[PDB]
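Just work.txt here, compact mmCIF, C-alpha atoms and all ligand atoms:
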# COMPACT_ATOMS: atom_id res chain seq x y z
CA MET F 1 -33.07 -13.50 -61.44
CA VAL F 2 -29.56 -11.95 -61.61
CA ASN F 3 -26.46 -13.85 -60.39
CA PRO F 4 -24.72 -12.13 -57.51
CA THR F 5 -21.24 -10.62 -57.74
CA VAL F 6 -18.69 -10.62 -54.89
CA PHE F 7 -15.21 -9.13 -54.51
CA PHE F 8 -12.09 -9.89 -52.60
CA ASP F 9 -9.50 -7.17 -51.98
CA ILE F 10 -6.22 -9.11 -51.74
CA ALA F 11 -3.11 -8.13 -49.73
CA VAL F 12 0.47 -9.63 -49.74
CA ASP F 13 1.98 -9.32 -46.28
CA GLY F 14 -0.38 -6.43 -45.56
CA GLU F 15 0.30 -4.66 -48.90
CA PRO F 16 -2.73 -4.08 -51.17
CA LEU F 17 -2.43 -6.07 -54.37
CA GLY F 18 -5.78 -5.60 -56.09
CA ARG F 19 -9.34 -6.84 -56.41
CA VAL F 20 -10.79 -10.09 -57.66
CA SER F 21 -14.46 -10.28 -58.43
CA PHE F 22 -16.62 -13.33 -58.94
CA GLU F 23 -19.88 -14.33 -60.55
CA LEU F 24 -21.71 -16.81 -58.34
CA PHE F 25 -23.94 -19.21 -60.36
CA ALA F 26 -27.00 -18.85 -58.11
CA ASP F 27 -29.19 -19.86 -61.04
CA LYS F 28 -27.58 -23.34 -61.04
CA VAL F 29 -26.27 -23.94 -57.50
CA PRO F 30 -28.25 -21.57 -55.31
CA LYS F 31 -27.51 -23.06 -51.86
CA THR F 32 -23.72 -23.23 -52.62
CA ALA F 33 -23.71 -19.72 -54.16
CA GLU F 34 -25.61 -18.33 -51.15
CA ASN F 35 -23.09 -19.76 -48.64
CA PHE F 36 -20.11 -18.07 -50.32
CA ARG F 37 -22.07 -14.83 -50.87
CA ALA F 38 -23.03 -14.64 -47.18
CA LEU F 39 -19.52 -15.50 -46.00
CA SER F 40 -18.14 -12.73 -48.25
CA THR F 41 -20.53 -10.05 -46.77
CA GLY F 42 -20.02 -11.43 -43.25
CA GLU F 43 -23.78 -10.94 -42.64
CA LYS F 44 -24.17 -13.99 -40.39
CA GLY F 45 -21.42 -12.58 -38.07
CA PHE F 46 -18.56 -14.69 -39.53
CA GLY F 47 -16.92 -15.27 -42.93
CA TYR F 48 -13.96 -14.60 -45.15
CA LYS F 49 -12.68 -11.07 -44.27
CA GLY F 50 -9.12 -11.20 -42.84
CA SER F 51 -8.68 -14.93 -43.75
CA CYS F 52 -5.83 -16.23 -45.95
CA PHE F 53 -5.06 -18.33 -48.97
CA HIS F 54 -3.34 -21.10 -47.02
CA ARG F 55 -2.52 -23.28 -50.02
CA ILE F 56 -1.37 -22.13 -53.42
CA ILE F 57 0.03 -24.43 -56.11
CA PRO F 58 1.04 -22.71 -59.30
CA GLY F 59 -0.41 -24.34 -62.36
CA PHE F 60 -3.16 -25.87 -60.20
CA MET F 61 -5.20 -23.72 -57.79
CA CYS F 62 -5.37 -21.16 -54.92
CA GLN F 63 -7.20 -22.45 -51.83
CA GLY F 64 -8.68 -20.39 -48.89
CA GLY F 65 -11.73 -19.87 -46.73
CA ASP F 66 -10.51 -21.51 -43.52
CA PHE F 67 -11.43 -18.77 -41.08
CA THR F 68 -11.54 -20.95 -37.97
CA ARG F 69 -8.13 -22.79 -38.06
CA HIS F 70 -6.31 -20.74 -40.74
CA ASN F 71 -4.46 -23.68 -42.13
CA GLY F 72 -6.87 -25.89 -44.14
CA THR F 73 -8.29 -28.01 -41.36
CA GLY F 74 -11.26 -25.74 -40.55
CA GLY F 75 -14.12 -23.52 -41.62
CA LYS F 76 -17.87 -23.84 -41.49
CA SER F 77 -20.88 -23.05 -43.64
CA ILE F 78 -23.83 -20.69 -43.00
CA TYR F 79 -25.97 -23.94 -42.68
CA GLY F 80 -23.98 -25.61 -39.95
CA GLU F 81 -20.62 -27.18 -39.95
CA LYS F 82 -20.97 -29.08 -43.21
CA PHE F 83 -23.52 -29.36 -46.10
CA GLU F 84 -24.25 -31.63 -49.02
CA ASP F 85 -22.92 -31.58 -52.56
CA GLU F 86 -25.71 -29.62 -54.25
CA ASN F 87 -25.04 -30.85 -57.81
CA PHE F 88 -22.20 -31.38 -60.31
CA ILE F 89 -23.82 -29.60 -63.28
CA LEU F 90 -20.81 -27.31 -63.67
CA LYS F 91 -17.34 -28.53 -64.57
CA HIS F 92 -13.78 -27.50 -63.90
CA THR F 93 -13.15 -26.13 -67.40
CA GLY F 94 -10.12 -23.88 -66.93
CA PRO F 95 -8.51 -20.99 -64.99
CA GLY F 96 -10.93 -18.81 -62.97
CA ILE F 97 -13.31 -21.61 -61.92
CA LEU F 98 -14.50 -21.23 -58.30
CA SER F 99 -15.25 -24.59 -56.59
CA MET F 100 -15.78 -25.98 -53.08
CA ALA F 101 -12.96 -27.78 -51.30
CA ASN F 102 -14.03 -30.79 -49.21
CA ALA F 103 -13.05 -33.93 -47.24
CA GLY F 104 -15.34 -36.46 -48.84
CA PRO F 105 -18.91 -36.75 -50.14
CA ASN F 106 -21.21 -34.04 -48.66
CA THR F 107 -18.58 -32.27 -46.48
CA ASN F 108 -18.70 -28.71 -47.88
CA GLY F 109 -18.01 -25.94 -45.24
CA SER F 110 -16.39 -22.60 -46.17
CA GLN F 111 -13.15 -23.65 -47.86
CA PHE F 112 -12.97 -22.94 -51.63
CA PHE F 113 -10.44 -22.87 -54.41
CA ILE F 114 -9.83 -20.82 -57.51
CA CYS F 115 -8.54 -22.88 -60.41
CA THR F 116 -5.53 -21.61 -62.22
CA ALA F 117 -5.59 -24.53 -64.72
CA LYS F 118 -8.16 -27.06 -66.06
CA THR F 119 -8.77 -29.65 -63.31
CA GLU F 120 -11.13 -32.07 -64.95
CA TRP F 121 -10.33 -34.95 -62.58
CA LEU F 122 -12.28 -32.90 -59.90
CA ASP F 123 -15.43 -33.05 -61.96
CA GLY F 124 -18.24 -34.86 -60.15
CA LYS F 125 -16.30 -34.57 -56.83
CA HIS F 126 -16.05 -30.83 -56.08
CA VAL F 127 -19.05 -28.49 -56.55
CA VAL F 128 -18.38 -25.69 -59.02
CA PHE F 129 -20.33 -22.55 -58.11
CA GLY F 130 -18.76 -19.47 -59.71
CA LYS F 131 -15.99 -17.95 -61.68
CA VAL F 132 -13.64 -15.05 -61.67
CA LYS F 133 -15.25 -12.08 -63.42
CA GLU F 134 -12.54 -9.37 -63.05
CA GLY F 135 -9.00 -9.50 -61.75
CA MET F 136 -7.68 -12.79 -63.11
CA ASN F 137 -4.34 -10.83 -63.38
CA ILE F 138 -4.48 -10.43 -59.54
CA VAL F 139 -5.07 -14.25 -59.14
CA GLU F 140 -2.03 -14.85 -61.37
CA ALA F 141 -0.06 -12.37 -59.19
CA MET F 142 -1.16 -14.36 -56.09
CA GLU F 143 -0.28 -17.61 -57.68
CA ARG F 144 3.37 -16.54 -57.90
CA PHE F 145 3.64 -16.58 -54.09
CA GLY F 146 2.69 -20.32 -53.96
CA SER F 147 4.98 -23.37 -54.26
CA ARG F 148 4.93 -27.07 -55.34
CA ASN F 149 3.78 -28.16 -51.90
CA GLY F 150 1.36 -25.19 -51.57
CA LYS F 151 3.07 -23.27 -48.74
CA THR F 152 3.10 -19.56 -49.60
CA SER F 153 6.27 -17.46 -49.45
CA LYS F 154 4.19 -14.49 -48.27
CA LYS F 155 0.93 -14.12 -46.46
CA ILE F 156 -1.95 -13.81 -48.94
CA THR F 157 -5.06 -12.39 -47.32
CA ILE F 158 -8.58 -11.20 -48.05
CA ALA F 159 -8.15 -7.69 -46.60
CA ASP F 160 -11.76 -7.01 -47.42
CA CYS F 161 -14.66 -8.66 -49.16
CA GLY F 162 -18.30 -8.09 -49.94
CA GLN F 163 -20.98 -7.91 -52.58
CA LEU F 164 -21.09 -5.63 -55.54
CA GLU F 165 -24.06 -4.46 -57.61
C1 LIG F 201 -8.33 -28.72 -54.76
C2 LIG F 201 -9.32 -28.89 -53.61
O1 LIG F 201 -8.70 -29.86 -52.77
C3 LIG F 201 -9.37 -30.35 -51.74
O2 LIG F 201 -10.48 -29.96 -51.36
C4 LIG F 201 -8.59 -31.49 -51.07
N1 LIG F 201 -8.96 -31.67 -49.67
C5 LIG F 201 -8.77 -30.68 -48.74
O3 LIG F 201 -8.28 -29.57 -49.01
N2 LIG F 201 -9.15 -30.97 -47.46
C6 LIG F 201 -9.21 -29.96 -46.39
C7 LIG F 201 -10.62 -29.54 -46.02
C8 LIG F 201 -11.16 -29.66 -44.74
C9 LIG F 201 -12.49 -29.27 -44.51
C10 LIG F 201 -13.26 -28.71 -45.56
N3 LIG F 201 -14.53 -28.28 -45.43
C11 LIG F 201 -12.68 -28.59 -46.81
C12 LIG F 201 -11.37 -29.01 -47.03
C13 LIG F 201 -9.56 -32.34 -47.04
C14 LIG F 201 -8.54 -33.01 -46.10
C15 LIG F 201 -8.07 -34.44 -46.32
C16 LIG F 201 -8.98 -34.12 -45.14
What do you get writing this file as structure tokens?
Amino acid sequence: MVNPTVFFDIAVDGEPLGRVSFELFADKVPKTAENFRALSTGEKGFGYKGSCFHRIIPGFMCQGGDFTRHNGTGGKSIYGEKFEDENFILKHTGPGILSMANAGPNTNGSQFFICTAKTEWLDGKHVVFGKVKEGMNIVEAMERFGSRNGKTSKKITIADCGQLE
């Protein structure tokens, strides 16, 4: 019944910054929600802990989840390397939207992005599966280490992650 909640504890070159928590819309995109949930707990023996936000563009989005190549060329899902676009019921309405990154139709893995602006042109192309619940102020703090081309001026990591009540 109830939508799961996950947290990232963010660090900036090793220094604790704060926590971001997310509602995962399991009621609408269960397969996509379950992937990100599992990768956040690490329960399949791999996932997000210790990985970085490799690409951050202020006034656009923070991208991470590439735990295999650390630079945006990698990652994998709990279902195999890639998995289908589940649906496009949810839209990119504004800051805080959590959505899957991809390389074409039906190429979801582990990489994800947190919107820091409305990104409506991604509607129907990237699967929206969650949203920031607490710690949008921490996402805005992160965003300040990004740049126009998305290279970060400091190393933004998920020092820890998991599932909350
Ligand atoms: C705002 C979200 O932007 C994207 O997902 C744009 N594309 C990527 O980030 N890619 C990187 C990527 C690679 C593998 C996966 N699973 C996801 C993204 C695709 C590159 C051109 C080939």
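In this comparison, which uses all atoms listed in the file, the residue of F:6, F:161, F:89, F:57 approaching residue 147 of chain F most closely is F:57.
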Subject >> Residue among F:110, F:152, F:93, F:102 lying closest to residue 123 of chain F, counting only C-alpha atoms >> reply: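 Between F:110, F:152, F:93, F:102, the residue approaching residue 123 of chain F most closely is F:93.
The coordinates place atom CA of residue 129 of chain F at 17.1 Å from atom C9 of ligand LIG 201 (chain F).
Each of F:101, F:61, F:56, F:17 was compared to residue 75 of chain F using all atoms listed in the file, and F:101 turns out to be the nearest.
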**OP:** Return the single residue from F:143, F:134, F:23, F:81 that is closest to ligand LIG 201 (chain F), with distances computed using only C-alpha atoms and all ligand atoms.
**Re:** F:81
**OP:** Name the residues in contact with residue 113 of chain F at a cut-off of 12 Å, using only C-alpha atoms, excluding same-chain residues fewer than 4 positions from it; report them as a PyMOL selection string.
**Re:** chain F and resi 36+52-57+60-66+72+92+95-102+117+119+122+126-132+139+143
**OP:** Go through F:77, F:155, F:85, F:133 and flag the residue nearest ligand LIG 201 (chain F), using all atoms listed in the file for the distances.
**Re:**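 The shortest atom-to-atom distance to ligand LIG 201 (chain F) comes from F:77.
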**OP:** May I have the residues within 6 Å of ligand LIG 201 (chain F), computed using only C-alpha atoms and all ligand atoms, as a PyMOL selection string?
**Re:** chain F and resi 72-74+101-103+107-109+111
Original post:
Just how far from atom CA of residue 115 of chain F is atom CA of residue 140 of chain F, in Å to one decimal?
Top reply: 10.4 Å
Original post:
So how far away is atom CA of residue 106 of chain F from atom CA of residue 150 of chain F, in Å?
Top reply: 24.4 Å
Original post:
Hey, which of F:138, F:4, F:12, F:69 ends up closest to residue 153 of chain F? Count all atoms listed in the file.
Top reply: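 Nearest candidate to residue 153 of chain F out of F:138, F:4, F:12, F:69: F:12.
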Subject >> Near-residue 1 of chain F list (9 Å; all atoms listed in the file; drop same-chain fewer than 2 positions) as a PyMOL selection string >> reply: chain F and resi 3+26-27
Subject >> Neighbours of point (-12.5, -6.3, -57.3) within 8 Å, using all atoms listed in the file, written as a PyMOL selection string >> reply: chain F and resi 6-9+18-21+134-135
